[PDB]
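Below sits a lone chain in structure tokens, taken as the form deposited in one PDB entry.
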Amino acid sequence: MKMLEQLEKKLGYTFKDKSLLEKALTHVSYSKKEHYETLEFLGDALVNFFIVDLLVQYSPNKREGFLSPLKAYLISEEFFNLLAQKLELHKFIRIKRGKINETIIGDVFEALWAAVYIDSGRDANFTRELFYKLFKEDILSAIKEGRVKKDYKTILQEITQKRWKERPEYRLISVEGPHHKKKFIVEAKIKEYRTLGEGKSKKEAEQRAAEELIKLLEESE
């Protein structure tokens, strides 16, 4: 296909089986029999490994407390899209009109790499170098500027300020258990949408509620 060649040209790899490359680009809404779903599964574990290995090598601090935040960002939907954009993935994806979104691009990106892996005769070392060739420069850049992930409270506040010029209100509902290992439950509220959050401290609880309240706000669109 005139299109597959281009995508291959960008990756610097030619598939020994065009049906495999095509499968990774095909969404379930295009072909109920052969879609990226399964490769997506394998790519998740694959890309995860590539990124985690780059992290433990180029991170100024090796402790888990430090590395965890960075990983959360590196394997996030957001970042995967940035990297998928260097290939213009949306252009080559085969899906039904109006069903595409950022969650999808992120997955085909994962599947895409599971494809190369398998098509290269499951050669891990090879796939990894190809991946770094195209993205190592970008990954080390994120690690260096400490790019983390915004917590739910900050995200919620922005969402609710973008739409209503208002901020949610958290309130303490109840307290329970023992004094040493206390249980908190807070209520996140915006307009008339409400969610509850449970946790060890008032803050963590709020973080939970905010996360919930964000899900709720999504569907109300």
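Between two forms, the rigid core is the largest collection of C-alphas that superpose within 1.5 Å. In case it trips you up, residue 1 is the first one in the sequence shown, and so on.
What comes next is about the form deposited in another entry, which is not displayed.
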Residue 28: Cα shift of 2 Å or greater between this form and the one not shown (core-aligned): no
Displaced residue check between this form and the one not shown: residue 150, CA, 2 Å or over, core reference: yes
Cα-Cα trend for residue 103 and residue 190, given that in that other deposited form the distance shifts by 3 Å or more: farther
Inter-Cα distance between residue 106 and residue 214 in that other deposited form, nearer or further [3 Å or more]: farther
